[PDB]
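**Q** what follows is a protein structure lacking sequence information:
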Ligand SMILES: NC(=O)c1ccc[n+]([C@@H]2O[C@H](COP(=O)([O-])OP(=O)(O)OC[C@H]3O[C@@H](n4cnc5c(N)ncnc54)[C@H](OP(=O)(O)O)[C@@H]3O)[C@@H](O)[C@H]2O)c1
Ligand SMILES: NC(=O)c1ccc[n+]([C@@H]2O[C@H](COP(=O)([O-])OP(=O)(O)OC[C@H]3O[C@@H](n4cnc5c(N)ncnc54)[C@H](OP(=O)(O)O)[C@@H]3O)[C@@H](O)[C@H]2O)c1
Ligand SMILES: NC(=O)c1ccc[n+]([C@@H]2O[C@H](COP(=O)([O-])OP(=O)(O)OC[C@H]3O[C@@H](n4cnc5c(N)ncnc54)[C@H](OP(=O)(O)O)[C@@H]3O)[C@@H](O)[C@H]2O)c1
Ligand SMILES: NC(=O)c1ccc[n+]([C@@H]2O[C@H](COP(=O)([O-])OP(=O)(O)OC[C@H]3O[C@@H](n4cnc5c(N)ncnc54)[C@H](OP(=O)(O)O)[C@@H]3O)[C@@H](O)[C@H]2O)c1
């Protein structure tokens, strides 16, 4: 079998992705930060529906903890086949009012996590010679920019550049590297929500299960020639 | 059941897409232009593997013929749920050496086909109230441009713009409209001297061509019910070219 | 000196581009289709301000007339240094209501013009060994798609693909090929009910239309000697739409 | 009487941009990090050619120093009209071999500098009511990714997203915010073995590096009054790479 780490699997998109990939037959690393209950609830649903997984935990902003836990997991269970770097946060404010923490927490958590979580998985993935899948979670605001979120937009755009650069390095190793950029998904400021809606031709939010379908496609064996892409799932926003 | 028209289903990507969507449980309009044998061979494989379809035929550059055949098909069998506008051609030459026929055949066939094939399907799709799927075939050269193919690049980029504009009009009708942009795929369309193949590979990080079945997997994803929030997208399947 | 053909110079963006490039010191081919008065007015302002130009005329949808007039002009005056393929039209309607003429007039005029106008200018440009500039006019709707204009979006996206492909062919010849994609610009082309204008503005962060002179400033930059490393680009001038 | 801060003005692109904008008549904040001599050399050339500027210094990765120096400069001289956030570095290595410092130094310097340098300038720019210009330096590798530079690609892409988001916030304040993405430019930053240079050229249709002055011409255009409708753009100057 083939295992896939899913960060932020305790809720929302991460939970949905974990469920779907488990159903597809992947053994899931159900990761959480602090919500261990949510994580167990996710794993319970996975087991109930006939699939396999296990809990693990770390702060994606904590480089050393990430390396510790992942090296241990890999030693005990073998290399991951897939990594879904889904975990992330927002700390919105107009650019001039943005606090040091607002900026740093978003950059360290959303962008540094690429290095912190994915780096420890790469050589083992290569060593196992099964090929692989890497999927990152960006955002429409990473693609187009969004008022009130210069920090989030920056981090999410940075994830896109990281994803593309890595895709080139790992192509010859049969590891695809792609990024999913959701629009507004049902999991902020009522003012900003209204503006966001003004731009969705489909006039609805997406569901987490929809994002998971795309992840499923990208994880699948038939998607091995798709790499270096940002694929947006956003109701037509752009 | 739900039917999907697939143009250029007599070979290559169209054939592969037809096969895959049939396996997914769609009833396939296996379209061809002149290669009726190829079309039947595609339908035979569909039936052999437990699915349904039927042949139909038209020149996608021929507006009247497209409207005649499609109106007839729709009257007899009901609205298409899906349309995969896959058919296309190339007539390569450096821009200054490009003949009138080289330009017109590529624009009329690859770009005018959007209007000719898809227009007659829209109101019926809307009328049936099942929602829908529209998928066009562009190309990496439509996204980035490609030397020796100003005509192909133009037509294929034009398909992208058409697709996006239509996606906006039909979003509130639960019809998604997306475009697949393959890179280099191993079919009869590509005929390359070993020298030019080597150079082409130098630009593909995966150092291989794609297979038609791979393109079909993406079409399958886009056709699926879970992909109903994906619209207005160009999705590239190209081994990392860009 | 160096001459630049500007199509659709009888009004709007073309007129503004003609004026600006004349001021920059280029000798302007002030082209028009039917509005000869507008064209002469444009040339009068050019001469009044101490620059040079001359009138010429053709239907950019008429391949033969384009080739005839351009070959003649080139024989008499030498190769163009620059070509600004600016002329274009819109025939909007929802996709299912779009007439044959709506589709064809837009594709033939906006997209076929690339071939019809620019092809005859290429070998001579190369032959003259001065390098060169080619600038096409697309649109924000060619980049993103726009509801009510599947035809315009298609043509304008096709111009982008053509531009990019050509840019690659001509890079070694010191001829840059770029595309300008304006957003909403205040000209006769735009006729909008106050209700629709308000909505349009809601999507422009700068809450105003652009002026033709603004589009001309970008053309001016791209035409300039310092812009010789910029090629294969679509540059949008749209008040922040995207 | 309009001043523009140019970070990394002690050499390369920053030097070239400083020179050009000085010639355009802007009063230049010639910033440096450690190379004070280079910075003075830049200012000497500015003064020699009839323009104005002054030196200032800070580590763009040092938030508190940036705020201290910039608040002081703004108190003494008034708000900047323009900010060109040009300074940056690379620490290349294959992703699995990338050290903590390789990653952090590039993210902190190239991406955190957006916040560190530009935030202190914004309210004052708004308060002065002259409108304004913000220009950031990304890179082709920020747009497409580049092997050996996951860190640089990430930072440079992040600059793009920052730029675009800020452009939306400041549009109504008549401050444009754009990003320049150069391809390969001939400076001290590029240090390449002849073998790797040849390969790099294979991917540039113009088969040459750009010059810093070329990047400066584009900055000049964006700084100009006629470019007030251009905002939220990434404009690539790369010899046709993409
Ligand atoms: N919702 C949208 O509209 C939308 C749109 C575009 C992109 N996205 C992106 O998609 C991803 C998921 O979105 P979502 O709506 O599912 O978010 P969500 O429901 O708020 O869940 C966020 C997850 O991230 C985890 N997390 C927070 N801080 C962390 C840290 N320091 N280390 C590790 N994990 C941490 C949380 O952990 P615990 O709760 O387990 O402690 C939680 O599982 C995010 O990266 C988001 O930026 C969302
Ligand atoms: N192969 C690639 O590398 C590649 C890359 C990017 C995009 N694409 C695109 O993918 C699509 C399929 O290409 P392919 O490689 O599968 O090509 P192919 O094997 O040459 O298939 C061509 C198909 O298009 C049909 N066709 C051609 N002219 C037609 C007309 N005037 N009216 C109706 N149908 C017509 C053909 O019908 P008959 O055989 O019955 O004559 C045939 O089924 C094309 O649009 C192409 O531009 C291909
Ligand atoms: N205005 C906008 O909001 C906007 C936005 C994005 C893009 N654009 C593009 O900008 C370019 C110029 O726009 P504009 O607003 O200045 O247009 P305009 O004022 O409506 O002028 C149209 C120009 O194109 C010429 N023309 C029209 N049909 C022609 C044909 N068949 N053959 C030759 N010439 C023809 C006209 O010649 P006569 O005067 O001789 O008839 C006229 O000079 C167009 O390509 C347009 O698509 C405009
Ligand atoms: N060269 C290229 O091919 C290329 C291509 C794409 C993008 N770019 C981007 O263009 C910009 C300029 O590049 P360039 O090639 O001119 O680079 P360069 O010759 O290496 O010049 C670098 C400048 O950035 C400054 N700098 C570096 N670290 C700093 C810090 N911590 N705080 C403040 N200033 C710092 C340097 O200051 P001191 O010398 O005074 O220490 C110097 O003035 C960079 O952002 C670069 O990434 C360059």
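**A** Alright, I've got the coordinates. Numbers count the residues shown, from 1 in each chain, chains lettered A, B, ... in the order given. Ligands and ions are numbered 1, 2, ... in the order given.
**Q** surely residue A:89 and residue A:108 touch.
**A** No: the criterion here is Cβ atoms under 8 Å, and residue A:89 misses it with residue A:108 at 9.9 Å. C-beta coordinates here come from the backbone N, C-alpha and C atoms, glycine included.
**Q** ok, the two, which is more surrounded?
**A** residue A:108 (21 against 15; other Cβ atoms under 10 Å in any protein chain shown).
**Q** check which residues of stretch A:177-188 are buried.
**A** A:177, A:178, A:179, A:180, A:181, A:182, A:183, A:184, A:185 (16 or more other Cβ atoms under 10 Å in any protein chain shown).
**Q** from those residues, which ones fall inside strands?
**A** A:177, A:178, A:179, A:180, A:181, A:182 (DSSP state E).
**Q** what about the residue of chain A found nearest ligand 3, which SS state?
**A** As assessed by Cβ to the nearest ligand atom, ligand 3 sits closest to residue A:238 within chain A, at 17.9 Å. Assigned with DSSP: H, G, I helix; E, B strand; the rest coil, residue A:238 falls in the coil class.
**Q** can you pull the contacts of it?
**A** By Cβ atoms under 8 Å, 6 or more residues apart in numbering or on different chains, the contact list for residue A:238 reads A:140, A:143, A:144, A:199, A:232, B:232, C:144, C:242.
**Q** follow-up on the earlier one: and of the ones in strands among the buried residues of stretch A:177-188, the nearest to chain D?
**A** For these, the minimum distance to chain D (Cβ to the nearest Cβ) is 9.1 Å, reached by residue A:177.
**Q** what's the closest non-adjacent residue to the closest one?
**A** residue A:167 (3.8 Å; Cβ to Cβ, 6 or more residues apart in numbering or on different chains).
**Q** tell me if I'm right that the one you found and residue A:228 touch.
**A** Yes: with contact defined as Cβ under 8 Å, residue A:167 counts as touching residue A:228 (3.7 Å).
**Q** got the ones in strands among the buried residues of stretch A:177-188 as a markdown table, with distance to ligand 2 columns?
**A** Supplementary listing: these in a markdown table, determined by distance: Cβ to the nearest ligand atom, whole Å:
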| residue | distance to ligand 2 |
| --- | --- |
| A:177 | 22 |
| A:178 | 19 |
| A:179 | 22 |
| A:180 | 23 |
| A:181 | 23 |
| A:182 | 27 |
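**Q** picking that back up, joint contacts of residue A:167 and residue A:228?
**A** Residues touching both residue A:167 and residue A:228 by Cβ under 8 Å, 6+ apart: A:177, A:178, B:205, B:240, D:145.
**Q** so the second one makes contact with residue A:218?
**A** Yes: contact criterion Cβ under 8 Å: residue A:178 and residue A:218 qualify, at 5.4 Å.
**Q** okay, and the common contacts of the two?
**A** A:135, A:226, A:231.
**Q** the one residue sitting closest to the centre of chain A: what's it in contact with?
**A** The residue lying closest to the centre of chain A (Cα atoms, centre = their mean) is residue A:86, at 1.8 Å. Each residue near residue A:86 by Cβ under 8 Å, 6+ apart is listed here: A:6, A:7, A:8, A:9, A:13, A:14, A:17, A:137.
**Q** rerun that using 7 Å as the cut-off
**A** A:6, A:7, A:8, A:13, A:14, A:17, A:137 (Cβ atoms under 7 Å, 6 or more residues apart in numbering or on different chains).
**Q** what subset of the residues you listed is buried?
**A** Buried members of the contacts of residue A:86, scored by 16+ other Cβ under 10 Å, are A:6, A:7, A:8, A:13, A:14, A:17, A:137.
**Q** and the second one, its phi and psi?
**A** Right, the one you point to is residue A:7. With angles defined as degrees, to the nearest 10, residue A:7 sits at phi -80, psi 150.
**Q** name the nearest residue to the spatially most distant residue from the centre of chain A, sequence neighbours excluded.
**A** Residue farthest from the centre of chain A, counting by Cα atoms, centre = their mean, is residue A:96 at 28.9 Å. In this structure, residue A:96 finds its nearest non-sequential neighbour in residue D:122, 4.8 Å apart by Cβ to Cβ, 6+ apart.
**Q** the one you found and chain B: what is the separation?
**A** 33 Å (Cβ to the nearest Cβ, to the nearest Å).
**Q** contacting residues for the closest residue to ligand 2 within chain A?
**A** Residue nearest to ligand 2 within chain A (Cβ to the nearest ligand atom): residue A:225, separated by 11.8 Å. Going by Cβ under 7 Å, 6+ apart, residue A:225 touches B:206, B:210, B:214, B:237, B:239.
**Q** quick one on the thing from earlier: and the buried ones among the contacts of residue A:86 as TSV, adding distance to ligand 4?
**A** What follows is the buried ones among the contacts of residue A:86, written out as TSV (distance: Cβ to the nearest ligand atom, whole Å):
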residue	distance to ligand 4
A:6	34
A:7	30
A:8	32
A:13	33
A:14	34
A:17	35
A:137	26
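**Q** which pair in the buried residues of stretch A:177-188 spans the largest distance?
**A** Maximum pairwise distance among these (Cβ to Cβ): 25.0 Å, between A:177 and A:184.
**Q** residues near the residue of chain A found nearest ligand 4, how many?
**A** Scanning chain A for the residue nearest ligand 4 gives residue A:161, at 12.8 Å (criterion: Cβ to the nearest ligand atom). Neighbour count for residue A:161, taken as other Cβ under 10 Å: 36.
**Q** and it, what does it touch?
**A** Residue A:161 sits next to D:142, D:145, D:153, D:154, D:156, D:157, D:158 when contact means Cβ under 7 Å, 6+ apart.
**Q** correct me, but residue A:215 touches residue A:135?
**A** Yes: using Cβ atoms under 7 Å, residue A:215 is in contact with residue A:135, at 5.9 Å.
**Q** ok, the two, which is more surrounded?
**A** residue A:215 (29 against 24).
**Q** what residues are up against the more buried one?
**A** A:17, A:20, A:21, A:84, A:135, A:180.
**Q** who is the fourth one paired with across the strands?
**A** Residues found in beta-bridge contact with residue A:84 (criterion: DSSP bridges) are residue A:6, residue A:135.
**Q** then the last one?
**A** Beta-bridge pairing of residue A:180 under DSSP bridges involves residue A:137, residue A:231.
**Q** my guess is it meets residue A:213, correct?
**A** No: with contact defined as Cβ under 7 Å, residue A:180 does not count as touching residue A:213 (10.5 Å).
**Q** okay, now residue A:101: neighbour count?
**A** Residue A:101, neighbours per other Cβ under 10 Å, totals 10.
**Q** returning to that earlier point: name the residues contacting each of residue A:215 and residue A:135.
**A** In contact with both residue A:215 and residue A:135: A:84, A:180, using Cβ under 7 Å, 6+ apart.
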